[PDB]
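Right, one structure below, let's go through it.
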Amino acid sequence: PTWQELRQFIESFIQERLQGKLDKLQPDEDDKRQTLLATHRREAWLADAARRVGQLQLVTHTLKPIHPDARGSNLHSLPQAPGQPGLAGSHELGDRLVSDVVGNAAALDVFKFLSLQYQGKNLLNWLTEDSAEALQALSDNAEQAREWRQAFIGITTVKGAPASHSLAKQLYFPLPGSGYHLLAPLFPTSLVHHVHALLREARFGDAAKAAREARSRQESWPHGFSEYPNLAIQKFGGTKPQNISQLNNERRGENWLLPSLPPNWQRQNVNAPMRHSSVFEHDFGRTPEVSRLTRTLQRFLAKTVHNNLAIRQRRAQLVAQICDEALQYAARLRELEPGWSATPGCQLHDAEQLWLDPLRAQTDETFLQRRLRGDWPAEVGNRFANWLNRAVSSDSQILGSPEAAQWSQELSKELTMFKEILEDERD
Amino acid sequence: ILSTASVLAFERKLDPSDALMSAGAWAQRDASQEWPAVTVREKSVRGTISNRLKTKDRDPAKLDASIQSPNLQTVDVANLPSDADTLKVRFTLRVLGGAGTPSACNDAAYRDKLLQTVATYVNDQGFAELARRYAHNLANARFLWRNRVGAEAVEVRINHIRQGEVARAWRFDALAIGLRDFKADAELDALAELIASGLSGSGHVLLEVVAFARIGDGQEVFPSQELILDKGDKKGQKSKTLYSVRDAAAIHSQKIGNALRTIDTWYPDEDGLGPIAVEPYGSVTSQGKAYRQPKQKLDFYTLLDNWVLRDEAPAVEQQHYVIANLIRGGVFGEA
Amino acid sequence: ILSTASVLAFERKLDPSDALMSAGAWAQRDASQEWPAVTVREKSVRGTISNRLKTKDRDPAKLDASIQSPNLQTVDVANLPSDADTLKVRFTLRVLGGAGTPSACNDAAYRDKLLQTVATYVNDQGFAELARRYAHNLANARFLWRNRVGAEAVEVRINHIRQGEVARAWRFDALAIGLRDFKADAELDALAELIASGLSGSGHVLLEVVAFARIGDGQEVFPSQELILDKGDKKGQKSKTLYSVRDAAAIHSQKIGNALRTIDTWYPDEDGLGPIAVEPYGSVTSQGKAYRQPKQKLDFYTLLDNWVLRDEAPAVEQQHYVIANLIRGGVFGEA
Amino acid sequence: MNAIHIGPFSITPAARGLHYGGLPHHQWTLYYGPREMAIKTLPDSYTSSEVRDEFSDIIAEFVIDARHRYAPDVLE
Amino acid sequence: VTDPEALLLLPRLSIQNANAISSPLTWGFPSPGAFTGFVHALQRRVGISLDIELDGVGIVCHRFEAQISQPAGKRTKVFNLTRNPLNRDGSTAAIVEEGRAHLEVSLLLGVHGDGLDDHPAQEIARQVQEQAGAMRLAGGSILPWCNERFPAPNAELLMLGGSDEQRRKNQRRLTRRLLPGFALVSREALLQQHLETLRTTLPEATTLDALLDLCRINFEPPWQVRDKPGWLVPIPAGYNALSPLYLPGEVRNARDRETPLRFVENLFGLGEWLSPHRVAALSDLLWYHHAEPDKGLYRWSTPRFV
């Protein structure tokens, strides 16, 4: 509200800056202290600040993460919020926005001087508007105030012609009718800073680690936490992160990428169930995915029926996931040797070996091809249903009530779909 | 005025796959489709300090104290089995066409002038020398690198795959064909003609290259080592990590490509090294020194700019070097 | 001024393999190709308090309380069968040649000077004494580290493998050929000449070394040992882990190479200890001390720098030591 | 460094160190009185908090097993 | 945006070193924009000559493998890199980290046009196969399956079957072909539904927090885990405008001077990996371009899924 108090604050801040640089330098000779006190205490320091602002720029999407030899145009832009649903971006970033700094790594003092909150809010909005409190505390003359204001406000604008370097990415996007646009994207440093803050709070925050310690002792807590597995680290500066940006200096590289991975990204091996009697309980049963599925089915078997429609729906796609994983497991056994089912053994699951190895019919033109064609084994579905009955909780309350009736009906639907899948395997 | 393009790029022609490593016995190289793969294992090594001291660690007491601390490391190691003496290295190679066509380029007049320059080169002598040198680098086992060093006998079998079958098959003795001399052989000329036809074509020509090196019974083979940055973590890591695709030791595709690119014998320095990999500013990673410096008028950028803009056509060898760089690819262009 | 190179990497000559150890019967060692491999087993030990106390807990009450609760742990253990008295250890050695040539060298003038120095060494004294000492270390079973100390009789059979067949076969009584003296023997001189031809680059040498030692029926054998970082309770207190390749006990290749390198009898201290492994700063891990201190002018780096840069050729023994270091290989060179 | 005491537990370091990779290391062993529970080889650049966090999980599972083993019997 | 007259099953394509850096916030499988651009390049190179249109791609990911490693003592992961050539002064250049991964995918291409009746289905399927055999899918080469046991032939099936039973059988057999894999679909509606649920849970919640919550492993005290309906990966959903649309000649250092250039920024959406048996028709998995250049929103998605 008063220019006198703003002058008092800025003089105070340059006073701690002066004493800090004198203490750090410890100048006992060469007349360094006199030059420091004659250049960083008056309006001459504001002249140097106006000089240094022209080399720096506040941005929200920088280009320097893309190959650091690329010289392009960095932008400080917030995209408009789309009407289309279910997608994220920079347009969610409102008041929780942090502005990047690009340029020299030694002139960033003017950035923290310009991002001050003296009377309650930032200097940027004060210098954009014609505020009586501002525009006079920094200059006694009007022309000096005007030139310093234009200098300190142009730091958020695009400097130079719009250019994206050769090392930067430019990606054609086909227009709906016979056209293309070039779409040079910039690295959203504001988004990765916001997600870095969120992930740092989730993985190293005080409440988060308190919840982790509560789970470690298996006790209750008013809130839970998150785990964030399979995070990837992409560093931008090999040894000098400050050459990219100040936000990339706060987090030294460390893009903290999220795991967009398919379910088969950790394929272990394929093995033949040789000397075992039933694959679904002996070799199929201890793959980690189906183990998790049957444990979720175990937990959901004994549950309240207040939301019984949603619970039955969830269990329906649950048992659908078990049958899908069974089909996938047979499909990946299809890449084994064609005649592994003919190996000697007392227990080799001959009833299910017709479905486990389709490829045996090629070598055995008359031994087992016609048997598999004519029989069309669908009792494998019955055996897997018996395995699922062995894998469901033995609750008599569900069996007496109609809950077991609904569970048996949805199981019958999933098993008849599964049997129809195994029906046309001879095509 | 024919200003050079601000954005210039070339697609990687002549791109190989990962060299799968497998093991077996010699004189059974024909039935090697079921040879078991070479697996990357783990072993512990305990060494002693053997690096140079910085004139302050040369005190005997400090040296003895540092030796009394055991130096333990975990390394990835790849070995032939104790009953197999032959290492089989197999990879696939695609010789793409449209060799002189840039993938991205701004100026359309620069497009026409560059395509005219490549047309003049191809109808003058074509890819006869370049495909000859590439076929030589295929014929000798230069893509084995350290696996080629102490092998009793190396044989390279190269098959042309047209649809799904061997259209034409080659067999070479890699140790007879030198690593620095590019002679002429009838089968080598046929392979060079096939590679040049692939480079001049509109599609691609597929080759599989299978090399058998008689390393020794149970000896230690050398897959490509993986580049992992320590990034200043406090825990000690494994010092050596080997590359594998599916539980099978392999050599990186760019390693094989660098082996195939070792055709440049026209750099201004003497050929004490022999051929070097075709790169802009003639860099050699093993020698730590970049030949074809821009202070001399023999680097790729100045040669190309003189050839296409000022029409100063260089020597035939330098034209071969420029077109070999076009085969290699790269992201070019000034701001 | 010819300063030494910053990158002076050297590759390893005399490449050994992992030594797989099997078991059988003496006087049945001629037909020992079908002998079953020695398997690494697990056994339980209960250790008592037998270490030095720290002068704080030497009071009887705490010592008795510690004795009342001994520690239980599982160790990997390898033994011969109770009906097998001898151990067969088999590995293949490959002599490469080209010792003076570095694998990586960023200084060309230094590389030329070093090559000239090694060439004039070879012209003056070829790989004759070094190969003789390597032949001694092959003839006696020094690669049997603890399997040799109490053996009744040790026999080493070395076969030169040319084109997959035994071109020449050797047979040595490894207990007659001691671990202390480098004497003269006609068969051993032939082996030394073959190793010399391998080191000089005049031929491809691949040796298959088989050692038979009578330890006893069911007696413990000593393969290589792996490092354990975490013990825990999920693992059954695994305290010692032995090295194996495929369910077969084995010795690390670097241990075999260290046993071959034990040729250095020229260190400034007395040779009452005997030969030591060829290392920079002459270090011995068991002795905890470094012979050839850098303070004295007999370590590898100062001798090499004086020999190459200032042309100060050392004594012939020190030249042998330097060339043995070059054969051994390393990451020689400063930052 | 120095032994870390966590209630009845003690994390004492080895007197002599070692080098794993290129970094110095010491073996830190966890005790419950006279019972040795686990040994871990840890970098010398770890502080006491990181060494304690390395054994926090083993301490927590000891606590869980002790709660389940000596839980009082329930009347219904 | 259109119903294909046929489905073109590109067989198992072994992709060598695909860009594992899908977005500035996600890693792993390549972006669907890469696959849609590859299909558009197929149409631009061979689709026009065959008088057909290649729009829509079905991604199944029969096999995935990223060149990654986990450092000791850390639970996160790092990317294995390549040694680039030295500078002109003989020193090591600054390392720019890129992720490179091995794929094995089979693509369902939506085909509609007059060339389907003009040419045999096997002929156009073949010619598309050897056109794609000399191309790139996500920055990596394509391995063309030489001298293995047997190559997988290309198969084009017309969706206009002779009967409903014949169409259903053809769809099931095509699903059986690409069985060891998981179809990739988009879940924008699910993401919006979860965001509304989160907003009723607590206000002023952005869709970024809903996207993060749908992918992270949540632990709740009595210690259970909040279950997820499917795999629910976060994927880049397209590009949003960051600058006014410049003329083709305004922007310095452009890719060309014939195409307008607009600076953009990534849009992050929800995706799902699911078995191909859980889709009604195999044409519901096809990914399409949705540009709408007036407001930016250069998006790729798979509509008509549910």
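Every chain is numbered from 1 and lettered A, B, ... according to where its sequence line falls, protein lines coming before strand lines. Side chains included, hydrogens not; waters and symmetry mates left out as well; all remaining heavy atoms used.
- In this model, a donor atom of one side chain and an acceptor atom of the other lie less than 3.5 Å apart for B:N137 and B:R142.
- For the residue pair E:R100/E:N19, the side-chain donor-acceptor check at 3.5 Å is not satisfied.
- Aromatic pair B:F300/B:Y281: centroids not less than 6.0 angstrom apart.
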### Query
Is there a side chain to side chain contact (heavy atoms under 4.5 Å, CB included) between E:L50 and E:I48 once you walk through the steps?
CA-CA 5 Å; E:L50 288 176; E:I48 300 170; over 6 Å; no
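- A:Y172 and E:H40 form no side-chain donor-acceptor contact under 3.5 Å, judged by distance and modelled atom types alone.
- In this structure, B:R292 is positioned above the aromatic face of B:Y321, its NZ or CZ under 6.0 Å from the six-membered ring centre and within 45° of the axis.
- Salt bridge B:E11/E:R136: present, at least one basic N to carboxylate O contact under 4.0 Å.
- Checked by atom type and distance alone, the side chain of B:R180 pairs as donor or acceptor with a backbone atom of B:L273 at under 3.5 Å.
- Neither side chain, B:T262 nor B:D264, offers a donor N or O lying under 3.5 Å from an acceptor on the other.
- Using a 4.5 Å heavy-atom cutoff, the side chains of E:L42 and E:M135 are in contact.
- Using a cutoff of 4.0 Å between basic side-chain nitrogens and carboxylate oxygens, E:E65 and A:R267 are not scored as salt-bridged.
- Electrostatic pairing of B:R132 and B:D189 counts as a salt bridge here, judged by a charged N lying under 4.0 Å from a carboxylate O.
- No side-chain heavy atom of B:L227 sits less than 4.5 Å from a side-chain heavy atom of E:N80.
- Side chain of B:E208 to main chain of B:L93: no donor-acceptor pair is present (N/O by atom type, distance under 3.5 Å, no hydrogens or angles).
- In summary, the side chains of E:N17 and E:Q67 do present a donor paired with an acceptor at a separation below 3.5 Å, with no hydrogens or angles considered.
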### Worked verdict on B:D85 versus B:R214 for salt bridge (charged side-chain N to carboxylate O under 4.0 Å, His left out)
CA-CA 6 Å; B:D85 53 356; B:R214 209 178 194 178; 3.6 Å; yes
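- For B:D18 and B:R90, the salt-bridge test fails: no basic side-chain N is under 4.0 Å from an acidic carboxylate O.
- Geometrically, B:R29 engages B:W26 in a cation-pi contact defined by less than 6.0 Å to the ring centre and at most 45° from the axis.
- B:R168 has a carboxylate O that lies under 4.0 Å from a charged side-chain N of B:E187, or vice versa, which qualifies the two as a salt bridge.
- Taking the charged nitrogens against the carboxylate oxygens, B:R171 and B:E155 do have a contact shorter than 4.0 Å, which makes a salt bridge.
- Salt-bridge annotation for B:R94 and B:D15: present, with a side-chain N of the basic residue lying under 4.0 Å from a carboxylate O of the acidic one.
- B:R261 CZ to B:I256 CD1: the interatomic distance, rounded to the nearest 0.5 Å, is 12.0 Å.
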